[PDB]
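Quick look at entry_4.cif (mmCIF, C-alpha atoms):
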```cif
data_query
loop_
_atom_site.label_atom_id
_atom_site.label_comp_id
_atom_site.auth_asym_id
_atom_site.auth_seq_id
_atom_site.Cartn_x
_atom_site.Cartn_y
_atom_site.Cartn_z
CA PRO Y 1 0.00 0.00 0.00
CA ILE Y 2 1.70 3.15 -1.26
CA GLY Y 3 -1.04 5.38 -2.66
CA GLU Y 4 -4.52 6.81 -2.18
CA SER Y 5 -7.50 7.26 -4.49
CA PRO Y 6 -11.17 8.26 -4.01
CA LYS Y 7 -13.24 5.22 -3.03
CA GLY Y 8 -10.38 2.99 -1.93
CA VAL Y 9 -6.64 2.54 -1.44
CA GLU Y 10 -4.09 1.44 -4.02
CA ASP Y 11 -1.16 -0.98 -4.15
CA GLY Y 12 2.23 -1.15 -5.84
CA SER Y 13 5.45 -3.11 -6.30
CA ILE Y 14 8.93 -2.87 -4.80
CA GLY Y 15 10.17 -0.47 -7.49
CA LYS Y 16 7.46 2.02 -6.57
CA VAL Y 17 8.48 1.76 -2.90
CA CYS Y 18 12.16 2.39 -3.62
CA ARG Y 19 11.41 5.32 -5.94
CA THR Y 20 9.03 6.82 -3.37
CA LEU Y 21 11.62 6.59 -0.60
CA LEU Y 22 14.27 8.19 -2.82
CA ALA Y 23 11.89 11.03 -3.73
CA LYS Y 24 11.04 11.55 -0.06
CA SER Y 25 14.74 11.88 0.78
CA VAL Y 26 15.31 14.32 -2.10
CA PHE Y 27 12.37 16.53 -1.09
CA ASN Y 28 13.58 16.38 2.51
CA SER Y 29 16.90 17.79 1.29
CA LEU Y 30 15.36 20.50 -0.90
CA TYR Y 31 12.86 21.84 1.67
CA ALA Y 32 14.75 21.80 4.99
CA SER Y 33 13.29 23.79 7.89
CA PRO Y 34 12.98 23.46 11.71
CA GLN Y 35 9.23 22.91 11.39
CA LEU Y 36 10.01 19.63 9.61
CA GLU Y 37 12.12 18.15 12.40
CA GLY Y 38 9.73 19.24 15.16
CA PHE Y 39 6.80 17.67 13.33
CA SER Y 40 8.81 14.51 12.64
CA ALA Y 41 9.66 13.93 16.30
CA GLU Y 42 6.17 14.59 17.67
CA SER Y 43 4.45 12.54 14.96
CA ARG Y 44 6.90 9.71 15.67
CA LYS Y 45 5.74 9.60 19.29
CA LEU Y 46 2.08 9.64 18.27
CA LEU Y 47 2.64 6.88 15.70
CA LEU Y 48 4.39 4.72 18.30
CA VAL Y 49 1.39 5.09 20.62
CA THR B 1 -1.36 13.71 -26.00
CA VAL B 2 -2.75 10.20 -26.81
CA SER B 3 -1.20 8.88 -23.53
CA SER B 4 -2.74 11.90 -21.71
CA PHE B 5 -6.19 10.58 -22.74
CA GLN B 6 -5.47 7.27 -21.03
CA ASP B 7 -4.35 8.94 -17.78
CA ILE B 8 -7.29 11.36 -17.71
CA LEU B 9 -9.80 8.58 -18.38
CA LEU B 10 -8.23 6.29 -15.76
CA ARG B 11 -8.44 9.02 -13.10
CA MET B 12 -11.97 10.03 -13.99
CA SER B 13 -13.09 6.39 -13.87
CA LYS B 14 -12.34 6.37 -10.13
CA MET B 15 -14.47 9.44 -9.37
CA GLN B 16 -17.59 7.58 -10.54
CA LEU B 17 -17.27 4.41 -8.45
CA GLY B 18 -17.05 6.64 -5.38
CA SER B 19 -19.55 9.45 -6.14
CA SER B 20 -22.64 10.59 -8.15
CA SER B 21 -22.93 13.78 -10.36
CA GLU B 22 -24.04 12.09 -13.64
CA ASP B 23 -22.03 14.97 -15.14
CA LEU B 24 -19.02 12.61 -14.81
CA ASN B 25 -21.00 10.33 -17.22
CA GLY B 26 -21.73 13.38 -19.43
CA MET B 27 -18.11 14.50 -19.79
CA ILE B 28 -16.61 10.98 -19.93
CA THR B 29 -18.31 10.42 -23.35
CA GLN B 30 -17.59 13.69 -25.15
CA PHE B 31 -13.93 12.96 -24.36
CA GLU B 32 -14.03 9.62 -26.16
CA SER B 33 -15.91 11.32 -29.02
CA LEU B 34 -13.08 13.83 -29.46
CA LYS B 35 -10.50 11.02 -29.26
CA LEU B 36 -12.24 9.12 -32.06
CA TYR B 37 -12.64 12.26 -34.15
CA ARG B 38 -8.96 13.18 -33.79
CA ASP B 39 -7.55 9.75 -34.58
CA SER B 40 -9.93 9.64 -37.54
CA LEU B 41 -8.75 13.09 -38.73
CA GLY B 42 -5.18 11.84 -38.51
CA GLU B 43 -4.95 9.42 -41.43
CA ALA B 44 -7.04 11.75 -43.61
CA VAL B 45 -4.49 14.56 -43.47
CA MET B 46 -1.86 11.83 -43.69
CA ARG B 47 -3.24 10.73 -47.09
CA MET B 48 -2.89 14.17 -48.69
CA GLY B 49 0.83 13.49 -49.20
CA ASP B 50 0.29 10.63 -51.64
CA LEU B 51 -2.36 12.46 -53.69
CA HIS B 52 -0.17 15.40 -54.69
CA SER B 53 2.71 13.01 -55.41
CA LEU B 54 0.38 11.01 -57.66
CA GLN B 55 -0.69 14.18 -59.46
CA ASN B 56 2.93 15.11 -60.24
CA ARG B 57 3.59 11.79 -62.01
CA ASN B 58 0.59 12.46 -64.25
CA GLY B 59 2.24 15.65 -65.50
CA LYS B 60 5.29 14.04 -67.08
CA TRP B 61 3.31 11.55 -69.17
CA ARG B 62 1.20 14.36 -70.61
CA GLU B 63 4.40 15.95 -71.92
CA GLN B 64 5.95 12.79 -73.34
CA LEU B 65 2.64 12.25 -75.15
CA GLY B 66 3.35 15.54 -76.96
CA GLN B 67 6.79 14.45 -78.21
CA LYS B 68 5.55 10.96 -79.29
CA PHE B 69 2.94 12.37 -81.68
CA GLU B 70 5.54 14.47 -83.49
CA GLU B 71 7.91 11.50 -83.72
CA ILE B 72 5.16 9.31 -85.19
CA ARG B 73 4.15 11.97 -87.72
CA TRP B 74 7.69 12.67 -88.93
CA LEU B 75 8.52 8.99 -89.27
CA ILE B 76 5.29 8.54 -91.24
CA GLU B 77 6.29 11.08 -93.87
CA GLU B 78 9.88 9.80 -93.99
CA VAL B 79 8.81 6.19 -94.57
CA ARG B 80 6.26 7.28 -97.17
CA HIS B 81 8.97 9.13 -99.09
CA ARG B 82 11.35 6.17 -98.81
CA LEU B 83 8.58 3.95 -100.18
CA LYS B 84 8.05 6.35 -103.07
CA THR B 85 11.78 6.45 -103.89
CA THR B 86 12.61 2.71 -103.85
CA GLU B 87 12.66 0.07 -106.60
CA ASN B 88 13.05 -3.28 -104.81
CA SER B 89 10.09 -5.50 -103.89
CA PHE B 90 11.65 -6.45 -100.54
CA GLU B 91 11.67 -2.77 -99.56
CA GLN B 92 8.04 -2.18 -100.56
CA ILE B 93 6.92 -5.23 -98.56
CA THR B 94 8.81 -3.93 -95.53
CA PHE B 95 7.27 -0.47 -95.98
CA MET B 96 3.73 -1.86 -96.31
CA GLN B 97 4.23 -3.65 -93.00
CA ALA B 98 5.69 -0.46 -91.52
CA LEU B 99 2.80 1.80 -92.56
CA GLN B 100 0.23 -0.65 -91.21
CA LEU B 101 2.04 -0.87 -87.86
CA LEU B 102 2.39 2.92 -87.61
CA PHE B 103 -1.31 3.50 -88.29
CA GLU B 104 -2.35 0.95 -85.67
CA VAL B 105 0.06 2.23 -83.02
CA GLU B 106 -0.91 5.87 -83.66
CA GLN B 107 -4.59 5.05 -83.21
CA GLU B 108 -3.88 3.21 -79.97
CA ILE B 109 -1.72 6.04 -78.57
CA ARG B 110 -4.43 8.57 -79.42
CA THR B 111 -7.05 6.44 -77.65
CA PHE B 112 -4.90 6.04 -74.53
CA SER B 113 -4.12 9.77 -74.46
CA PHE B 114 -7.84 10.55 -74.65
CA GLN B 115 -8.46 8.13 -71.78
CA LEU B 116 -5.85 9.70 -69.48
CA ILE B 117 -7.38 13.19 -69.15
CA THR Z 1 1.50 -6.39 -83.37
CA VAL Z 2 4.54 -7.46 -81.33
CA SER Z 3 5.30 -10.13 -83.93
CA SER Z 4 5.22 -7.35 -86.52
CA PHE Z 5 7.76 -5.45 -84.42
CA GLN Z 6 10.32 -8.24 -84.30
CA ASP Z 7 9.77 -9.29 -87.92
CA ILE Z 8 10.15 -5.76 -89.28
CA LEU Z 9 13.16 -5.14 -87.02
CA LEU Z 10 14.91 -8.24 -88.36
CA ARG Z 11 14.06 -7.24 -91.92
CA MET Z 12 15.49 -3.74 -91.50
CA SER Z 13 18.59 -5.17 -89.80
CA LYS Z 14 19.21 -7.46 -92.76
CA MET Z 15 18.58 -4.61 -95.20
CA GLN Z 16 20.99 -2.28 -93.39
CA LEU Z 17 23.70 -4.96 -93.17
CA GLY Z 18 24.06 -4.64 -96.95
CA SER Z 19 23.88 -0.84 -97.22
CA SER Z 20 24.18 2.09 -94.82
CA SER Z 21 21.77 5.03 -94.97
CA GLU Z 22 21.22 7.88 -92.52
CA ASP Z 23 17.43 7.56 -92.62
CA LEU Z 24 17.61 3.78 -92.26
CA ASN Z 25 19.57 4.01 -89.01
CA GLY Z 26 17.30 6.84 -87.87
CA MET Z 27 14.15 4.76 -88.29
CA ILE Z 28 15.90 1.81 -86.63
CA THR Z 29 16.55 3.89 -83.51
CA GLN Z 30 13.08 5.44 -83.58
CA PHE Z 31 11.43 2.02 -83.95
CA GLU Z 32 13.40 0.65 -81.01
CA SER Z 33 12.32 3.62 -78.89
CA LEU Z 34 8.70 3.23 -80.02
CA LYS Z 35 8.67 -0.48 -79.14
CA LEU Z 36 10.05 0.28 -75.68
CA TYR Z 37 7.45 3.01 -75.17
CA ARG Z 38 4.65 0.66 -76.24
CA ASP Z 39 5.89 -1.99 -73.80
CA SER Z 40 6.00 0.52 -70.93
CA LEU Z 41 2.58 1.91 -71.86
CA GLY Z 42 1.07 -1.58 -71.86
CA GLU Z 43 2.72 -2.27 -68.50
CA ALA Z 44 0.95 0.82 -67.19
CA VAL Z 45 -2.24 -0.27 -68.97
CA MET Z 46 -2.81 -3.48 -67.16
CA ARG Z 47 -2.38 -1.68 -63.77
CA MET Z 48 -3.91 1.85 -63.92
CA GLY Z 49 -4.14 4.01 -60.81
CA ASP Z 50 -6.06 3.46 -57.59
CA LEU Z 51 -9.24 5.38 -58.30
CA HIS Z 52 -11.08 3.12 -55.83
CA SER Z 53 -9.31 4.80 -52.91
CA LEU Z 54 -9.64 8.24 -54.55
CA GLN Z 55 -13.42 8.23 -53.94
CA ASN Z 56 -13.49 7.20 -50.27
CA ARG Z 57 -15.76 8.64 -47.57
CA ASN Z 58 -15.43 12.43 -47.81
CA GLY Z 59 -18.91 13.99 -47.72
CA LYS Z 60 -20.07 14.32 -44.11
CA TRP Z 61 -16.42 14.30 -42.98
CA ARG Z 62 -16.34 17.89 -44.27
CA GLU Z 63 -19.29 18.89 -42.05
CA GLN Z 64 -18.59 17.31 -38.67
CA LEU Z 65 -16.00 20.08 -38.17
CA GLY Z 66 -18.73 22.51 -37.15
CA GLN Z 67 -20.32 19.84 -34.97
CA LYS Z 68 -17.04 19.35 -33.08
CA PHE Z 69 -16.55 23.11 -32.74
CA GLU Z 70 -20.06 23.18 -31.27
CA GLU Z 71 -18.94 21.07 -28.28
CA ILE Z 72 -15.37 22.38 -27.93
CA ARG Z 73 -15.95 25.62 -26.05
CA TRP Z 74 -19.03 24.22 -24.32
CA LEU Z 75 -16.97 21.51 -22.63
CA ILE Z 76 -14.08 23.90 -22.00
CA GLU Z 77 -16.44 26.23 -20.12
CA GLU Z 78 -17.93 23.30 -18.21
CA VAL Z 79 -14.46 22.18 -17.11
CA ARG Z 80 -13.52 25.74 -16.14
CA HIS Z 81 -16.60 26.13 -13.94
CA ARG Z 82 -16.15 22.69 -12.36
CA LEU Z 83 -12.51 23.47 -11.56
CA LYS Z 84 -13.57 26.75 -9.95
CA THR Z 85 -16.27 25.13 -7.81
CA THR Z 86 -14.55 21.96 -6.58
CA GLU Z 87 -12.70 21.54 -3.28
CA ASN Z 88 -10.66 18.31 -3.42
CA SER Z 89 -7.12 17.97 -4.77
CA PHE Z 90 -7.68 14.83 -6.85
CA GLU Z 91 -10.41 16.57 -8.85
CA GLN Z 92 -8.36 19.77 -9.11
CA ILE Z 93 -5.34 18.07 -10.66
CA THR Z 94 -7.53 15.98 -12.97
CA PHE Z 95 -9.38 19.06 -14.24
CA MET Z 96 -6.18 21.07 -14.77
CA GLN Z 97 -4.71 18.24 -16.84
CA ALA Z 98 -7.94 17.96 -18.85
CA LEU Z 99 -7.92 21.70 -19.58
CA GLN Z 100 -4.35 21.46 -20.90
CA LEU Z 101 -5.28 18.47 -23.06
CA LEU Z 102 -8.23 20.22 -24.71
CA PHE Z 103 -6.20 23.36 -25.40
CA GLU Z 104 -3.52 21.33 -27.19
CA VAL Z 105 -5.93 19.12 -29.12
CA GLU Z 106 -8.12 21.99 -30.33
CA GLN Z 107 -5.09 23.95 -31.53
CA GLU Z 108 -3.92 20.84 -33.39
CA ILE Z 109 -7.34 20.35 -34.99
CA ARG Z 110 -7.52 23.98 -36.12
CA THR Z 111 -4.03 23.88 -37.63
CA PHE Z 112 -4.77 20.61 -39.45
CA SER Z 113 -8.05 21.97 -40.83
CA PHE Z 114 -6.41 25.21 -41.97
CA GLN Z 115 -3.59 23.39 -43.77
CA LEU Z 116 -5.87 20.95 -45.61
CA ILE Z 117 -8.41 23.43 -47.04
CA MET K 1 16.45 32.80 -15.72
CA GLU K 2 14.83 29.49 -16.70
CA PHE K 3 13.08 28.09 -19.77
CA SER K 4 9.63 26.52 -19.50
CA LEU K 5 6.68 25.34 -21.58
CA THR K 6 3.88 25.83 -19.02
CA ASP K 7 1.67 28.86 -19.56
CA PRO K 8 1.20 31.02 -16.43
CA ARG K 9 -2.15 32.53 -15.34
CA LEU K 10 -3.59 29.02 -15.55
CA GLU K 11 -2.51 28.65 -11.89
CA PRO K 12 -0.98 32.02 -10.95
CA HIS K 13 -0.91 31.84 -7.14
CA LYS K 14 1.98 29.36 -7.40
CA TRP K 15 4.25 32.05 -8.89
CA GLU K 16 4.17 35.30 -6.93
CA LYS K 17 7.93 35.99 -6.83
CA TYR K 18 8.38 35.74 -10.61
CA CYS K 19 8.09 37.97 -13.66
CA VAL K 20 7.25 35.87 -16.71
CA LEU K 21 8.03 36.57 -20.37
CA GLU K 22 7.19 35.02 -23.73
CA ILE K 23 10.31 34.63 -25.83
CA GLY K 24 9.53 32.47 -28.84
CA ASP K 25 7.87 29.45 -30.42
CA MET K 26 9.01 25.82 -30.55
CA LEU K 27 8.20 23.11 -33.09
CA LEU K 28 7.05 19.90 -31.40
CA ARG K 29 8.16 17.06 -33.69
CA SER K 30 5.78 14.09 -33.56
CA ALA K 31 4.84 11.15 -35.76
CA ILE K 32 2.27 13.26 -37.64
CA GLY K 33 1.79 17.00 -37.89
CA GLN K 34 3.27 20.16 -36.43
CA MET K 35 2.30 21.64 -33.06
CA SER K 36 4.18 24.97 -32.71
CA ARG K 37 3.57 25.63 -29.02
CA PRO K 38 4.78 28.86 -27.35
CA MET K 39 7.81 29.13 -25.07
CA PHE K 40 8.20 31.13 -21.85
CA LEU K 41 10.90 32.40 -19.48
CA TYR K 42 10.85 32.68 -15.67
CA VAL K 43 12.80 35.48 -13.96
CA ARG K 44 13.46 35.80 -10.22
CA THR K 45 15.79 37.47 -7.73
CA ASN K 46 17.50 35.58 -4.92
CA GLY K 47 20.65 35.17 -2.85
CA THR K 48 21.65 32.06 -1.00
CA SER K 49 24.62 31.57 1.40
#
```
Take the structure in the file and write it out as C-alpha cells.
Amino acid sequence: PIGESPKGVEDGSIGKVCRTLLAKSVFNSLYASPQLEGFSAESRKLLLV
Amino acid sequence: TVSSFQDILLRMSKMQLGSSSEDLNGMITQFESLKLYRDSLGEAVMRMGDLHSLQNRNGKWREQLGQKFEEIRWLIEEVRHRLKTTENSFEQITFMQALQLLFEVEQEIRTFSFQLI
Amino acid sequence: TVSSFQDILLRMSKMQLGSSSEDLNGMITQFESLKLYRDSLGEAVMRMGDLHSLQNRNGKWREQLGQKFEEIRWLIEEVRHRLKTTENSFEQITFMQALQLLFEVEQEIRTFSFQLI
Amino acid sequence: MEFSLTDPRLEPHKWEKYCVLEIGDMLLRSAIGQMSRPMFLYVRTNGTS
C-alpha cells in the first residue's frame, strides 16, 4: 500500500516503494526547515502510541 | 497527448465508483468522441501526401505524349517518301508492314491519351 | 502487333547490313524507342491508378468540423466552472490536466483543418 | 532565468515571486503534424549563502 484514491486505497510493487523513498529523501533535502524536524519527532511519538 | 487521454480517463473512472454527479457520465463520453474524431482526422491529413505526389507523375506523361505524336508523324512522312523512292520488292513489302504498324500504333496512342485526361 | 515489331526489325537489320543510310539508321533507332514506349505503356495499362481509394468517404467528414466546434468551447467552459467550484485535490489536478489536453488538441485540430483546405 | 513550456495565469498563485516573459515558439516534432507551441521564461531574484 503506497497510494490513495477516491473510493479505496491502491497498491504497488517494490520499485514504486524504492522510488518513493528516494523522492522523499530528495524533497527532505530541498525543503529543509525546523518545522520539519519538530513535526517529525512529535508525529513519531504519536505513531508509536 | 494520446497517452494523456489514457491517464485522464483512468483518473476520472475512479471518481464515478465513489460518487454521483451524472455529469461525470456526461463528460466521460464527449472525451471519447473527441478522441475518435482526432484519430480519424489523422490518417485523412496523412493521405494528402500521396495524392499530390500522384498528381505530379501524371504531368510528365502528358508531356511525353506531346513528343511521341511528333515522332510518329515525322517517321510517317519519312517512310512514305522512302517507299516512293525505292525500286526493290523487298523494300516495298517492308514499308507496307511499316505503314500498317504505324497507323495501328498511332490510333492506340491517341485512344490512350484521350483516356488519361 | 509485337510479332510485326520483331519481324520488321529483323528485316530492317538485314537490309541495313548490306547498305548504310542515314534515314535507315534513324528509323531503326526510332522504332526501337517506339517499341520500348509501347511496352511501358502496356505495362501501365494493365495496372492503372487506384481510383477506388480516390473516392473514399469524404462527404459528411467535411461537415462534422462545425459539430465538433459546437462542443469544444461548451466543454471547456464546463471544465472551467467545475474546476472553480470543486474543493478536493484529486479533482483539481484531474481538471487542470484535462484543460491542458483540450487546449492542445483543439489547436492541433484547427491547424490541421487550416492546412488541408 | 529558466526556460519553460507551461503557460502562467492558468494557476498564478503558485508564482508570486516571478516575472514571466514570452520569448519564442518551438516546433514539437511528432509522428504526424506540427504543433508549434509557445515558449516562456521565468525570472526571479535571490541570494543564498
task = Tell me which residues the PyMOL selection byres ((chain Z) within 12 of (chain K)) grabs here, as a count of residues only.
result = 23
All Cα atoms, paired in order, least squares: that's the fit I need for chain Z onto chain B, output as a tab-separated table (two decimals) with C-alpha atoms, in the frame of the given file.
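File part05.tsv, as written:
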```tsv
chain	number	residue	atom	x	y	z
Z	1	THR	CA	-2.02	15.37	-22.95
Z	2	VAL	CA	-2.36	11.58	-23.22
Z	3	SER	CA	-1.63	11.29	-19.50
Z	4	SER	CA	-4.47	13.76	-18.94
Z	5	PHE	CA	-6.72	11.47	-20.99
Z	6	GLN	CA	-6.10	8.36	-18.91
Z	7	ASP	CA	-6.12	10.23	-15.59
Z	8	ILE	CA	-9.41	12.00	-16.31
Z	9	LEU	CA	-10.93	8.78	-17.67
Z	10	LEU	CA	-10.06	6.92	-14.47
Z	11	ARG	CA	-11.42	9.78	-12.38
Z	12	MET	CA	-14.74	9.83	-14.23
Z	13	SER	CA	-14.96	6.02	-14.01
Z	14	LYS	CA	-14.54	6.17	-10.24
Z	15	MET	CA	-17.06	9.01	-9.99
Z	16	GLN	CA	-19.65	7.14	-12.07
Z	17	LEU	CA	-19.17	3.91	-10.09
Z	18	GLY	CA	-20.80	5.69	-7.14
Z	19	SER	CA	-23.62	7.44	-9.02
Z	20	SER	CA	-25.24	7.12	-12.45
Z	21	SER	CA	-26.07	10.19	-14.54
Z	22	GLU	CA	-27.11	10.46	-18.18
Z	23	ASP	CA	-24.68	13.30	-18.92
Z	24	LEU	CA	-21.84	11.51	-17.12
Z	25	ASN	CA	-22.15	8.43	-19.34
Z	26	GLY	CA	-22.58	10.69	-22.37
Z	27	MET	CA	-19.31	12.51	-21.73
Z	28	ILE	CA	-17.61	9.18	-21.01
Z	29	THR	CA	-18.57	7.89	-24.46
Z	30	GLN	CA	-17.72	11.19	-26.15
Z	31	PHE	CA	-14.31	11.32	-24.44
Z	32	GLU	CA	-13.52	7.77	-25.54
Z	33	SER	CA	-14.44	8.67	-29.12
Z	34	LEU	CA	-12.38	11.87	-28.95
Z	35	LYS	CA	-9.32	10.01	-27.66
Z	36	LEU	CA	-9.61	7.48	-30.48
Z	37	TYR	CA	-9.97	10.27	-33.04
Z	38	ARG	CA	-6.91	12.05	-31.64
Z	39	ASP	CA	-4.89	8.82	-31.85
Z	40	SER	CA	-5.93	8.25	-35.47
Z	41	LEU	CA	-5.26	11.89	-36.36
Z	42	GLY	CA	-1.76	11.69	-34.88
Z	43	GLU	CA	-1.17	8.44	-36.76
Z	44	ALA	CA	-2.03	10.33	-39.94
Z	45	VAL	CA	0.10	13.26	-38.76
Z	46	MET	CA	3.40	11.52	-38.62
Z	47	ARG	CA	2.86	10.16	-42.20
Z	48	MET	CA	1.07	12.78	-44.38
Z	49	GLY	CA	0.57	12.21	-48.10
Z	50	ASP	CA	3.11	11.82	-50.88
Z	51	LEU	CA	3.32	15.37	-52.17
Z	52	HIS	CA	6.86	14.64	-53.41
Z	53	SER	CA	5.48	12.44	-56.20
Z	54	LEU	CA	2.59	14.87	-56.82
Z	55	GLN	CA	5.00	17.45	-58.29
Z	56	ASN	CA	6.96	15.23	-60.69
Z	57	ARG	CA	8.06	16.15	-64.22
Z	58	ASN	CA	4.96	17.49	-65.99
Z	59	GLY	CA	5.86	20.72	-67.81
Z	60	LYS	CA	7.43	19.90	-71.18
Z	61	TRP	CA	5.65	16.51	-71.12
Z	62	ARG	CA	2.52	18.50	-72.00
Z	63	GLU	CA	4.20	20.02	-75.09
Z	64	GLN	CA	6.02	17.14	-76.76
Z	65	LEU	CA	2.59	15.98	-77.98
Z	66	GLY	CA	2.69	18.49	-80.82
Z	67	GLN	CA	6.30	17.56	-81.54
Z	68	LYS	CA	5.34	13.89	-81.94
Z	69	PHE	CA	2.35	14.80	-84.11
Z	70	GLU	CA	4.81	16.77	-86.24
Z	71	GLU	CA	6.67	13.56	-87.20
Z	72	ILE	CA	3.70	11.16	-87.26
Z	73	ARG	CA	2.21	11.90	-90.66
Z	74	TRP	CA	5.60	12.83	-92.10
Z	75	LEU	CA	6.95	9.34	-91.45
Z	76	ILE	CA	3.66	7.73	-92.49
Z	77	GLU	CA	3.89	9.48	-95.87
Z	78	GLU	CA	7.55	8.51	-96.21
Z	79	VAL	CA	6.70	4.85	-95.58
Z	80	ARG	CA	3.79	5.02	-98.03
Z	81	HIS	CA	5.99	6.41	-100.81
Z	82	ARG	CA	8.79	3.92	-100.10
Z	83	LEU	CA	6.32	1.02	-100.21
Z	84	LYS	CA	5.00	2.28	-103.55
Z	85	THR	CA	8.46	2.63	-105.09
Z	86	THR	CA	10.21	-0.55	-103.92
Z	87	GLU	CA	10.47	-3.81	-105.85
Z	88	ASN	CA	11.64	-6.56	-103.47
Z	89	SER	CA	9.39	-8.72	-101.28
Z	90	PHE	CA	11.42	-8.44	-98.07
Z	91	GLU	CA	11.10	-4.65	-98.11
Z	92	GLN	CA	7.42	-4.85	-99.10
Z	93	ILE	CA	6.44	-7.03	-96.15
Z	94	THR	CA	8.56	-4.99	-93.75
Z	95	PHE	CA	6.95	-1.72	-94.87
Z	96	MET	CA	3.40	-3.13	-94.70
Z	97	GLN	CA	4.01	-4.29	-91.13
Z	98	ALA	CA	5.48	-0.90	-90.21
Z	99	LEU	CA	2.45	0.91	-91.64
Z	100	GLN	CA	0.12	-1.25	-89.52
Z	101	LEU	CA	2.23	-0.59	-86.42
Z	102	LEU	CA	2.13	3.20	-86.81
Z	103	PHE	CA	-1.62	3.21	-87.43
Z	104	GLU	CA	-2.23	1.28	-84.20
Z	105	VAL	CA	0.23	3.26	-82.09
Z	106	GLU	CA	-1.01	6.67	-83.24
Z	107	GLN	CA	-4.63	5.72	-82.55
Z	108	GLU	CA	-3.57	4.57	-79.07
Z	109	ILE	CA	-1.70	7.82	-78.42
Z	110	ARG	CA	-4.66	9.94	-79.52
Z	111	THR	CA	-7.10	8.00	-77.35
Z	112	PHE	CA	-4.79	8.22	-74.32
Z	113	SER	CA	-4.32	11.97	-74.80
Z	114	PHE	CA	-8.06	12.56	-75.21
Z	115	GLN	CA	-8.91	10.61	-72.05
Z	116	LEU	CA	-6.33	12.35	-69.85
Z	117	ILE	CA	-7.14	15.99	-70.71
```
task = Define the interface residues of chain Z facing chain Y as those within 12 Å, counting all atoms listed in the file, and report them as a VMD selection string.
result = chain Z and resid 88 to 91
Residues from the last selection, C-alpha atoms, saved as a PDB file, in the frame of the given file:
```
ATOM      1  CA  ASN Z  88     -10.660  18.310  -3.420  1.00  0.00           C
ATOM      2  CA  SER Z  89      -7.120  17.970  -4.770  1.00  0.00           C
ATOM      3  CA  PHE Z  90      -7.680  14.830  -6.850  1.00  0.00           C
ATOM      4  CA  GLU Z  91     -10.410  16.570  -8.850  1.00  0.00           C
TER       5      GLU Z  91
END
```
query = Any idea what the distance is between atom CA of residue 54 of chain Z and atom CA of residue 36 of chain B?
reply = 22.7 Å
request  = Kindly determine which residues of chain B lie within 10 Å of chain Z, considering all atoms listed in the file, and give the answer as a PyMOL selection string.
outcome  = chain B and resi 1-2+4-5+7-9+11-12+15+23+26-27+30-31+33-35+37-38+40-42+44-45+48+51+54+68+71-72+75+78-79+82+90-91+93-95+97-98+100-102+104-105+108-109+112+116
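The space separating atom CA of residue 13 of chain B from atom CA of residue 7 of chain Y comes to 10.9 Å.
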task = Run the PyMOL selection byres ((chain K and resi 45-49) around 10) on the file and write out the hits as an MDAnalysis selection string.
result = chainID K and resid 1 17:19 43:44
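You will find atom CA of residue 23 of chain K at 6.8 Å from atom CA of residue 41 of chain K.
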